[PDB]
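Novice: What follows is the file my_file09.cif, containing mmCIF, N, CA and C atoms and all ligand atoms:
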data_input
#
loop_
_atom_site.label_atom_id
_atom_site.label_comp_id
_atom_site.auth_asym_id
_atom_site.auth_seq_id
_atom_site.Cartn_x
_atom_site.Cartn_y
_atom_site.Cartn_z
N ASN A 2 118.28 82.57 109.81
CA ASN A 2 118.48 84.02 109.57
C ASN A 2 117.19 84.75 110.03
N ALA A 3 117.34 85.86 110.76
CA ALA A 3 116.18 86.59 111.30
C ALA A 3 115.28 87.11 110.18
N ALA A 4 115.89 87.63 109.12
CA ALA A 4 115.11 88.10 107.98
C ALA A 4 114.33 86.96 107.35
N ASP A 5 114.93 85.77 107.25
CA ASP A 5 114.20 84.62 106.71
C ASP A 5 113.00 84.26 107.59
N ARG A 6 113.18 84.29 108.90
CA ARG A 6 112.09 83.99 109.83
C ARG A 6 110.95 84.99 109.62
N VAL A 7 111.30 86.26 109.49
CA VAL A 7 110.29 87.28 109.24
C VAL A 7 109.61 87.06 107.89
N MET A 8 110.36 86.74 106.84
CA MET A 8 109.74 86.51 105.54
C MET A 8 108.75 85.35 105.61
N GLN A 9 109.11 84.27 106.30
CA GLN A 9 108.22 83.12 106.40
C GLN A 9 106.94 83.51 107.12
N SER A 10 107.10 84.24 108.22
CA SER A 10 105.96 84.72 109.00
C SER A 10 105.10 85.69 108.20
N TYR A 11 105.72 86.62 107.50
CA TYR A 11 104.99 87.61 106.74
C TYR A 11 104.20 86.96 105.60
N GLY A 12 104.72 85.89 105.01
CA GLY A 12 103.97 85.16 104.01
C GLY A 12 102.70 84.59 104.58
N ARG A 13 102.77 83.99 105.76
CA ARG A 13 101.58 83.50 106.43
C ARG A 13 100.63 84.65 106.79
N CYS A 14 101.16 85.80 107.20
CA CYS A 14 100.32 86.93 107.56
C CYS A 14 99.57 87.47 106.35
N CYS A 15 100.27 87.66 105.24
CA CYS A 15 99.64 88.21 104.04
C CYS A 15 98.64 87.21 103.43
N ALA A 16 98.83 85.93 103.71
CA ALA A 16 97.90 84.87 103.30
C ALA A 16 96.67 84.76 104.19
N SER A 17 96.61 85.57 105.24
CA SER A 17 95.53 85.53 106.23
C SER A 17 94.68 86.78 106.09
N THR A 18 93.42 86.61 105.73
CA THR A 18 92.52 87.74 105.62
C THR A 18 92.45 88.49 106.96
N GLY A 19 92.35 89.79 106.84
CA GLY A 19 92.19 90.65 108.00
C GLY A 19 93.48 91.12 108.63
N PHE A 20 94.63 90.66 108.14
CA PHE A 20 95.91 91.02 108.77
C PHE A 20 96.11 92.54 108.82
N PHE A 21 95.98 93.20 107.67
CA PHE A 21 96.21 94.64 107.60
C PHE A 21 95.07 95.43 108.23
N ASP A 22 93.85 94.91 108.16
CA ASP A 22 92.73 95.52 108.88
C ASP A 22 93.03 95.54 110.38
N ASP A 23 93.47 94.40 110.89
CA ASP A 23 93.76 94.29 112.31
C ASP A 23 94.94 95.16 112.72
N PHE A 24 95.99 95.20 111.90
CA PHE A 24 97.11 96.08 112.18
C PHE A 24 96.61 97.51 112.42
N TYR A 25 95.86 98.06 111.47
CA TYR A 25 95.42 99.46 111.62
C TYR A 25 94.44 99.64 112.75
N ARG A 26 93.59 98.65 113.02
CA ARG A 26 92.70 98.76 114.16
C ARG A 26 93.53 98.91 115.44
N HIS A 27 94.55 98.07 115.58
CA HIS A 27 95.38 98.13 116.79
C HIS A 27 96.18 99.44 116.85
N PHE A 28 96.74 99.83 115.72
CA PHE A 28 97.59 101.01 115.65
C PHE A 28 96.78 102.28 115.96
N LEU A 29 95.63 102.43 115.32
CA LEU A 29 94.76 103.58 115.59
C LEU A 29 94.30 103.61 117.05
N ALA A 30 94.00 102.44 117.61
CA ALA A 30 93.50 102.36 118.98
C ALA A 30 94.56 102.76 120.01
N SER A 31 95.83 102.67 119.63
CA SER A 31 96.92 102.85 120.58
C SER A 31 97.12 104.28 121.08
N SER A 32 96.66 105.28 120.33
CA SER A 32 96.87 106.67 120.72
C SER A 32 96.02 107.61 119.90
N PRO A 33 95.49 108.67 120.52
CA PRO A 33 94.80 109.71 119.75
C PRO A 33 95.71 110.38 118.74
N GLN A 34 97.02 110.39 118.97
CA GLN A 34 97.94 110.96 118.01
C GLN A 34 97.93 110.21 116.68
N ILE A 35 97.78 108.90 116.74
CA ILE A 35 97.74 108.08 115.54
C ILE A 35 96.43 108.32 114.80
N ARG A 36 95.33 108.32 115.54
CA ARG A 36 94.04 108.62 114.93
C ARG A 36 94.03 109.98 114.24
N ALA A 37 94.64 110.99 114.87
CA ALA A 37 94.68 112.33 114.26
C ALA A 37 95.48 112.34 112.97
N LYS A 38 96.58 111.59 112.95
CA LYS A 38 97.42 111.58 111.76
C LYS A 38 96.70 110.96 110.56
N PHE A 39 95.85 109.96 110.81
CA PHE A 39 95.19 109.20 109.74
C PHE A 39 93.74 109.62 109.49
N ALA A 40 93.30 110.73 110.07
CA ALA A 40 91.89 111.12 110.01
C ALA A 40 91.37 111.34 108.59
N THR A 41 92.24 111.76 107.67
CA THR A 41 91.85 111.92 106.27
C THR A 41 92.80 111.14 105.38
N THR A 42 92.97 109.87 105.71
CA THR A 42 93.69 108.89 104.91
C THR A 42 92.71 107.86 104.34
N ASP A 43 92.90 107.49 103.08
CA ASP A 43 92.18 106.37 102.49
C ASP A 43 92.84 105.11 103.05
N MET A 44 92.18 104.49 104.02
CA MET A 44 92.80 103.37 104.73
C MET A 44 92.91 102.12 103.87
N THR A 45 92.05 101.98 102.86
CA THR A 45 92.17 100.85 101.95
C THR A 45 93.46 100.96 101.14
N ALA A 46 93.71 102.15 100.60
CA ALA A 46 94.95 102.41 99.89
C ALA A 46 96.14 102.30 100.82
N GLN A 47 96.00 102.78 102.05
CA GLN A 47 97.11 102.77 102.99
C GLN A 47 97.57 101.36 103.32
N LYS A 48 96.65 100.40 103.39
CA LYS A 48 97.02 99.01 103.65
C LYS A 48 97.92 98.45 102.55
N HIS A 49 97.67 98.83 101.31
CA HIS A 49 98.54 98.43 100.22
C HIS A 49 99.92 99.07 100.36
N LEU A 50 99.95 100.34 100.73
CA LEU A 50 101.22 101.01 100.94
C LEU A 50 102.00 100.37 102.07
N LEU A 51 101.34 100.03 103.16
CA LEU A 51 102.03 99.40 104.27
C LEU A 51 102.59 98.04 103.91
N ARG A 52 101.84 97.27 103.13
CA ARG A 52 102.31 95.95 102.72
C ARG A 52 103.65 96.10 102.00
N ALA A 53 103.74 97.07 101.10
CA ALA A 53 104.96 97.33 100.36
C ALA A 53 106.04 97.94 101.27
N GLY A 54 105.65 98.77 102.23
CA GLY A 54 106.59 99.39 103.15
C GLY A 54 107.29 98.38 104.04
N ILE A 55 106.53 97.43 104.57
CA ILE A 55 107.11 96.35 105.35
C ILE A 55 108.08 95.56 104.47
N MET A 56 107.71 95.31 103.22
CA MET A 56 108.63 94.65 102.30
C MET A 56 109.92 95.46 102.14
N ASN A 57 109.82 96.78 102.05
CA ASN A 57 111.03 97.60 101.94
C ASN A 57 111.92 97.48 103.17
N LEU A 58 111.32 97.39 104.36
CA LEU A 58 112.11 97.23 105.58
C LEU A 58 112.80 95.86 105.60
N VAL A 59 112.12 94.83 105.09
CA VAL A 59 112.73 93.51 104.99
C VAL A 59 113.87 93.52 103.96
N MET A 60 113.67 94.16 102.82
CA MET A 60 114.72 94.22 101.81
C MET A 60 115.96 94.93 102.35
N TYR A 61 115.77 96.02 103.08
CA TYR A 61 116.88 96.69 103.74
C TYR A 61 117.61 95.72 104.68
N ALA A 62 116.87 94.95 105.47
CA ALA A 62 117.46 94.02 106.42
C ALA A 62 118.17 92.85 105.74
N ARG A 63 117.88 92.61 104.47
CA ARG A 63 118.56 91.59 103.65
C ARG A 63 119.77 92.12 102.90
N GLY A 64 120.05 93.41 103.03
CA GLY A 64 121.26 93.99 102.48
C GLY A 64 121.06 94.93 101.32
N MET A 65 119.82 95.30 101.02
CA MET A 65 119.61 96.33 100.02
C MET A 65 120.12 97.65 100.54
N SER A 66 120.25 98.56 99.56
CA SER A 66 120.81 99.92 99.69
C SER A 66 119.89 100.71 100.72
N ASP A 67 120.43 101.51 101.67
CA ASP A 67 119.58 102.31 102.54
C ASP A 67 118.77 103.42 101.84
N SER A 68 118.84 103.50 100.51
CA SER A 68 118.22 104.59 99.76
C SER A 68 116.72 104.75 100.03
N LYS A 69 115.98 103.65 99.99
CA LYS A 69 114.53 103.70 100.21
C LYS A 69 114.18 104.06 101.65
N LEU A 70 114.95 103.55 102.61
CA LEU A 70 114.73 103.89 104.01
C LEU A 70 115.05 105.35 104.30
N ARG A 71 116.07 105.88 103.64
CA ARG A 71 116.39 107.30 103.75
C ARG A 71 115.22 108.14 103.26
N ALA A 72 114.60 107.71 102.16
CA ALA A 72 113.45 108.39 101.59
C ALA A 72 112.25 108.36 102.55
N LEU A 73 112.00 107.23 103.19
CA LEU A 73 110.97 107.12 104.23
C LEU A 73 111.32 108.00 105.43
N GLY A 74 112.59 108.05 105.79
CA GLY A 74 113.04 108.97 106.82
C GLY A 74 112.66 110.41 106.48
N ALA A 75 112.91 110.81 105.24
CA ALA A 75 112.57 112.16 104.80
C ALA A 75 111.05 112.40 104.85
N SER A 76 110.28 111.45 104.34
CA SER A 76 108.84 111.64 104.24
C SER A 76 108.14 111.67 105.58
N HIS A 77 108.70 110.98 106.57
CA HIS A 77 108.10 110.90 107.89
C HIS A 77 108.74 111.91 108.85
N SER A 78 109.68 112.71 108.35
CA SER A 78 110.40 113.68 109.17
C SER A 78 109.52 114.83 109.59
N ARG A 79 110.02 115.61 110.54
CA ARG A 79 109.33 116.78 111.03
C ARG A 79 108.95 117.75 109.92
N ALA A 80 109.78 117.84 108.88
CA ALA A 80 109.56 118.74 107.75
C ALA A 80 108.51 118.24 106.74
N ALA A 81 108.01 117.03 106.92
CA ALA A 81 107.05 116.44 106.00
C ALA A 81 105.87 115.89 106.82
N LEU A 82 105.70 114.58 106.92
CA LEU A 82 104.52 114.06 107.62
C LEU A 82 104.55 114.37 109.12
N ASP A 83 105.75 114.51 109.66
CA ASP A 83 105.99 114.88 111.06
C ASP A 83 105.52 113.78 112.02
N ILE A 84 106.25 112.67 111.99
CA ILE A 84 105.95 111.50 112.80
C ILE A 84 107.01 111.40 113.89
N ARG A 85 106.62 111.72 115.12
CA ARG A 85 107.56 111.72 116.24
C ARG A 85 108.10 110.32 116.50
N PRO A 86 109.38 110.21 116.84
CA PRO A 86 110.00 108.90 117.05
C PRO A 86 109.23 107.97 118.00
N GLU A 87 108.59 108.50 119.03
CA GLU A 87 107.86 107.67 119.98
C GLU A 87 106.74 106.85 119.32
N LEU A 88 106.20 107.33 118.21
CA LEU A 88 105.07 106.67 117.58
C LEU A 88 105.45 105.34 116.94
N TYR A 89 106.73 105.14 116.62
CA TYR A 89 107.16 103.88 116.01
C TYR A 89 107.07 102.71 116.98
N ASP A 90 107.17 102.97 118.28
CA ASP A 90 107.01 101.90 119.25
C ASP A 90 105.58 101.39 119.21
N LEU A 91 104.63 102.30 119.02
CA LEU A 91 103.22 101.93 118.89
C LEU A 91 102.95 101.18 117.60
N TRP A 92 103.62 101.59 116.52
CA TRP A 92 103.53 100.89 115.24
C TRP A 92 104.01 99.45 115.40
N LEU A 93 105.16 99.28 116.04
CA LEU A 93 105.73 97.96 116.18
C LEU A 93 104.88 97.09 117.10
N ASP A 94 104.36 97.65 118.18
CA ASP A 94 103.48 96.89 119.05
C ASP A 94 102.23 96.40 118.29
N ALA A 95 101.66 97.26 117.45
CA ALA A 95 100.46 96.91 116.71
C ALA A 95 100.77 95.81 115.69
N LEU A 96 101.93 95.90 115.07
CA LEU A 96 102.38 94.88 114.14
C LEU A 96 102.55 93.54 114.82
N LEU A 97 103.20 93.52 115.96
CA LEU A 97 103.39 92.28 116.68
C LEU A 97 102.07 91.64 117.11
N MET A 98 101.10 92.46 117.48
CA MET A 98 99.78 91.94 117.82
C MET A 98 99.11 91.32 116.59
N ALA A 99 99.18 92.00 115.45
CA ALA A 99 98.61 91.48 114.21
C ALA A 99 99.29 90.18 113.75
N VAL A 100 100.60 90.10 113.93
CA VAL A 100 101.35 88.89 113.61
C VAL A 100 100.89 87.74 114.52
N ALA A 101 100.76 87.99 115.81
CA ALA A 101 100.31 86.95 116.74
C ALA A 101 98.91 86.44 116.37
N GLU A 102 98.08 87.31 115.82
CA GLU A 102 96.71 86.97 115.46
C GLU A 102 96.60 86.26 114.13
N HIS A 103 97.56 86.44 113.24
CA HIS A 103 97.45 85.94 111.87
C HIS A 103 98.48 84.92 111.43
N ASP A 104 99.55 84.76 112.18
CA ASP A 104 100.57 83.78 111.88
C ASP A 104 100.37 82.63 112.85
N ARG A 105 99.82 81.52 112.34
CA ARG A 105 99.50 80.38 113.19
C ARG A 105 100.72 79.75 113.86
N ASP A 106 101.91 79.99 113.31
CA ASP A 106 103.16 79.45 113.84
C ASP A 106 103.94 80.45 114.70
N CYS A 107 103.35 81.61 114.97
CA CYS A 107 104.01 82.64 115.76
C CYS A 107 104.42 82.10 117.13
N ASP A 108 105.68 82.33 117.47
CA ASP A 108 106.23 81.97 118.78
C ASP A 108 107.22 83.05 119.20
N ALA A 109 107.89 82.84 120.33
CA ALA A 109 108.83 83.85 120.82
C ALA A 109 109.92 84.16 119.82
N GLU A 110 110.45 83.15 119.15
CA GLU A 110 111.48 83.36 118.15
C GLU A 110 110.97 84.25 117.01
N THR A 111 109.74 84.01 116.56
CA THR A 111 109.16 84.81 115.48
C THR A 111 109.03 86.26 115.91
N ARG A 112 108.51 86.47 117.11
CA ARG A 112 108.27 87.82 117.60
C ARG A 112 109.57 88.58 117.74
N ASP A 113 110.61 87.94 118.26
CA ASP A 113 111.92 88.60 118.41
C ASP A 113 112.56 88.89 117.07
N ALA A 114 112.34 88.02 116.10
CA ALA A 114 112.85 88.28 114.76
C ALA A 114 112.17 89.50 114.15
N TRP A 115 110.86 89.61 114.31
CA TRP A 115 110.15 90.80 113.83
C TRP A 115 110.69 92.06 114.50
N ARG A 116 110.86 92.03 115.81
CA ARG A 116 111.34 93.22 116.51
C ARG A 116 112.74 93.62 116.06
N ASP A 117 113.59 92.64 115.84
CA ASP A 117 114.97 92.87 115.41
C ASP A 117 115.01 93.40 113.98
N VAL A 118 114.33 92.71 113.07
CA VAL A 118 114.35 93.06 111.67
C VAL A 118 113.66 94.41 111.42
N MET A 119 112.49 94.63 112.00
CA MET A 119 111.84 95.93 111.84
C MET A 119 112.61 97.04 112.54
N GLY A 120 113.19 96.74 113.69
CA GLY A 120 113.90 97.75 114.46
C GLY A 120 115.05 98.39 113.72
N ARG A 121 115.71 97.64 112.85
CA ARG A 121 116.84 98.17 112.09
C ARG A 121 116.42 99.31 111.20
N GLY A 122 115.34 99.09 110.46
CA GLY A 122 114.85 100.09 109.54
C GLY A 122 114.21 101.24 110.26
N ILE A 123 113.48 100.94 111.33
CA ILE A 123 112.86 101.98 112.16
C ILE A 123 113.93 102.92 112.69
N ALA A 124 115.08 102.39 113.08
CA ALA A 124 116.18 103.23 113.56
C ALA A 124 116.61 104.24 112.49
N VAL A 125 116.70 103.80 111.25
CA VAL A 125 117.08 104.69 110.16
C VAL A 125 116.02 105.80 110.01
N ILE A 126 114.76 105.41 109.98
CA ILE A 126 113.68 106.37 109.78
C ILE A 126 113.70 107.42 110.89
N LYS A 127 113.76 106.97 112.14
CA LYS A 127 113.78 107.86 113.31
C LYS A 127 114.93 108.85 113.25
N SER A 128 116.06 108.40 112.72
CA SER A 128 117.28 109.20 112.73
C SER A 128 117.13 110.45 111.89
N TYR A 129 116.19 110.43 110.95
CA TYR A 129 115.93 111.57 110.07
C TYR A 129 114.86 112.52 110.60
N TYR A 130 114.26 112.23 111.74
CA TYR A 130 113.12 113.03 112.18
C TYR A 130 113.41 114.54 112.24
N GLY A 131 114.50 114.90 112.91
CA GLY A 131 114.84 116.30 113.15
C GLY A 131 115.87 116.84 112.18
N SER A 132 116.03 116.18 111.04
CA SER A 132 117.04 116.53 110.05
C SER A 132 116.59 117.68 109.15
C1 LIG B 201 108.47 101.53 109.98
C2 LIG B 201 107.24 102.03 110.12
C3 LIG B 201 106.48 102.74 108.96
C4 LIG B 201 106.43 102.39 107.68
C5 LIG B 201 107.13 101.17 107.03
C6 LIG B 201 105.58 103.34 106.97
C7 LIG B 201 105.25 103.37 105.65
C8 LIG B 201 104.56 104.37 105.02
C9 LIG B 201 104.42 104.52 103.59
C10 LIG B 201 105.04 103.59 102.52
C11 LIG B 201 103.68 105.61 103.35
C12 LIG B 201 103.30 106.14 101.97
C13 LIG B 201 104.56 106.73 101.31
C14 LIG B 201 105.38 107.61 102.23
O1 LIG B 201 104.89 108.70 102.61
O2 LIG B 201 106.53 107.24 102.59
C15 LIG B 201 103.29 106.22 104.61
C16 LIG B 201 102.48 107.36 104.76
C17 LIG B 201 101.99 107.87 105.96
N1 LIG B 201 102.44 107.44 107.20
FE1 LIG B 201 103.78 105.93 107.43
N2 LIG B 201 105.12 104.28 107.86
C18 LIG B 201 105.64 103.93 109.08
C19 LIG B 201 105.41 104.60 110.23
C20 LIG B 201 104.44 105.54 110.44
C21 LIG B 201 104.02 105.96 111.73
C22 LIG B 201 104.62 105.43 113.04
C23 LIG B 201 103.06 106.86 111.58
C24 LIG B 201 102.35 107.58 112.73
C25 LIG B 201 101.08 107.95 112.66
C26 LIG B 201 102.86 107.05 110.16
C27 LIG B 201 101.99 107.93 109.57
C28 LIG B 201 101.81 108.12 108.23
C29 LIG B 201 100.90 109.07 107.68
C30 LIG B 201 99.99 110.02 108.46
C31 LIG B 201 101.01 108.92 106.19
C32 LIG B 201 100.17 109.72 105.19
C33 LIG B 201 98.74 109.14 105.17
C34 LIG B 201 97.83 109.97 104.28
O3 LIG B 201 97.51 111.12 104.65
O4 LIG B 201 97.42 109.48 103.18
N3 LIG B 201 103.71 106.21 109.48
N4 LIG B 201 103.85 105.43 105.59
#
Mind turning the file's structure into structure tokens?

Specialist:
Amino acid sequence: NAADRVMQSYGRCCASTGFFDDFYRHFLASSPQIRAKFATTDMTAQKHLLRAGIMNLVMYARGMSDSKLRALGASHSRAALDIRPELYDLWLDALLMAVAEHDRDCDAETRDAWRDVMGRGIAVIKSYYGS
């Protein structure tokens, strides 16, 4: 199951120091738009939020209610944080790089499972941007 593959990988990632540090380093480096959005964010706190957020995307992919993803859609929409849909591709690229760096068993199957599993929830979030 793709969600199972992602859960196994994410366990190894969270067990590896520097995973979330590296994610944000890659994500911030990817565009000045990302740096501008996070310029007055407590990045230590944000890493905890992201850890839980990725868990929410996995729970959705395992069959939980779209309620939490709808809420993320609202919070990241144009009317709130205002996160343009194009920025999620940069988020996913940064995640995949961090996974490759921190999951010792990462292979093509792992990477495709991450893209598939995260992509489902990302689609929901993006769909609310202009709502
Ligand atoms: C699927 C991908 C994403 C997940 C799982 C995620 C998760 C979260 C969570 C849980 C929060 C805190 C609660 C909330 O507002 O919902 C948050 C806040 C925030 N997110 Fe995201 N997010 C994602 C994508 C993005 C992207 C692509 C950006 C682009 C820059 C972004 C920018 C922000 C900003 C600027 C905040 C507020 C930071 C602050 O000022 O303290 N997020 N995100």

Novice: Name each residue within 5 Å of ligand LIG 201 (chain B), counting only N, CA and C atoms and all ligand atoms, as a PyMOL selection string.

Specialist: chain A and resi 35+38-39+41-43+50+54-55+73+88-89+123

Novice: Could you pull the residues within 8 Å of residue A:94, counting all atoms listed in the file, minus those fewer than 5 positions along the same chain, as a list in words?

Specialist: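 Final neighbour list, sorted by chain and number: residues 24, 27, 28, 88, 89, 99 and 100 of chain A.
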
Novice: Just need the box for stretch 100-119 of chain A, edges along x, y and z, holding every atom the file lists for it with 8 Å tacked onto each side, so centre and edge lengths in Å to one decimal, as AutoDock Vina command-line options.

Specialist:
--center_x 105.8 --center_y 88.2 --center_z 116.1 --size_x 34.4 --size_y 33.6 --size_z 25.4

Novice: Which distance in Å separates atom N of residue A:113 and atom N of residue A:16, to one decimal?

Specialist: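 If I compute the distance from atom N of residue A:113 to atom N of residue A:16, I get 18.8 Å.
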
Novice: Considering all atoms listed in the file, can you say which of A:60, A:102, A:70, A:115 comes closest to residue A:19?

Specialist: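 The closest residue to residue A:19 is A:102.
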
Novice: With DSSP run on the backbone, what are the alpha helix (DSSP H) residues within chain A? I'd like them as a PyMOL selection string.

Specialist: chain A and resi 3-15+20-30+33-38+44-62+68-76+88-103+109-128
